[PDB]
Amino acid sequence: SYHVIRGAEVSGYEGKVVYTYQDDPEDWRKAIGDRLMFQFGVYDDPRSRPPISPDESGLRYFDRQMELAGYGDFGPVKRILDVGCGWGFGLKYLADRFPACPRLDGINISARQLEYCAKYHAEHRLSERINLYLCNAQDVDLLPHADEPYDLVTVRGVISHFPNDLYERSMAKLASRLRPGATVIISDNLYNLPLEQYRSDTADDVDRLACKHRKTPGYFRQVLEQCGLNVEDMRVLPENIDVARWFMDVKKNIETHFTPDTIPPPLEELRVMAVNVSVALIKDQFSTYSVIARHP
């Protein structure tokens, strides 16, 4: 079960995102791993015993981001928000990491992901601690209990799906729900060239995985600052060769567990996207960034 939140002004891009994440979570598990973590991974953790799966590299990327955010006396954490909560591992990970945090909220516009989130959280006995909302990032102001501000927010691989307009409005409303000194942990995928210069290695005529709203490091950071957040740390993470590795391991998973008949269309987009983006990553035209931001 999830609660519904509508802001009477619906984003026209929702349909494209819903389509992307519609399909059987068991097919996604075969592509990206059992944890269903969908924002890359690091292959440099001394704890990782090769071969390193997308489950291991994803987990260790999150650990590294938690370290950079200073959660290795981290201050009060009584309420957590996961923006675009995917298939719910992010909320489970934070729940286990913050056992004295009684409230974690997840927002998502994919009903199929939220259906899987509830069943998955229930199996791990977190249903009371974790609340799920069918809620666009731009209606975060409508989330219940504005009298209880968020201490920690994750936005990992979500801003890639935002039009510039949506991104600016969402971050302004997110900022308004933060306690002073609250941390925002961001992962996203940004183009290191001017947008006019960049040319897709493999022509994208179908908008692969609803990621057409490309952004630069400069603009990305400008928006966080304009909403009154302080950028504490911004860096390439994972490294280009690690994002490429994740992509190509996921491509291999898809080509090894599916045929062109049975493959769900979004996993076909991901299979093609893997070579295109990996080439762009090798050429340093594209990087995944870790951003730690705080409310002053």
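One-based numbering along the sequence shown.
Novice: Could you bin the unmodelled part of the deposited chain lying between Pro144 and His145 as none, 1 to 3, 4 to 9, or 10 or more?
Specialist: Per the deposited record, the segment joining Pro144 and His145 has no missing residues.
Novice: Please compare 77 to 85 with 123 to 131 and name the stretch with the higher mean C-alpha B-factor in the deposited structure.
Specialist: The recorded data point to 123 to 131.
Novice: Looking only at CA atoms, which has the higher mean B factor in the entry: 284 to 292 or 8 to 16?
Specialist: Higher mean C-alpha B-factor: 8 to 16.
Novice: Highest CA temperature factor in the entry: which of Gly157, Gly106, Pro194, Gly90?
Specialist: That would be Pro194, according to the entry.
Novice: According to the deposited entry, which of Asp151, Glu115, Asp205, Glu148 has the largest Cα B-factor?
Specialist: The listed residue with the largest C-alpha B-factor is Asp205.
Novice: Can you work out whether the C-alpha temperature factor of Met234 puts it in the lowest, middle or highest third of the chain?
Specialist: Within its chain, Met234 is a middle-third residue by C-alpha B-factor, going by the deposited values.
Novice: Hey, what third does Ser187 fall into on Cα B-factor, ranked over its chain?
Specialist: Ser187: CA B-factor falls in the lowest third of its chain.
Novice: Consider only the C-alpha atoms of the modelled residues in this chain, order them by B-factor as the entry records it, and name the third containing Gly228: lowest, middle or highest.
Specialist: Highest third.
Novice: Using the B-factor values recorded in the entry, state whether the Cα atom of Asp261 falls in the lowest, middle or highest third among the modelled residues of its chain.
Specialist: Within its chain, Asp261 is a highest-third residue by C-alpha B-factor, going by the deposited values.
Novice: Quick check on the deposited entry: does the C-alpha B-factor of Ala95 sit in the lowest, middle or highest third of its chain?
Specialist: According to the entry, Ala95 has a C-alpha B-factor in the chain's lowest third.
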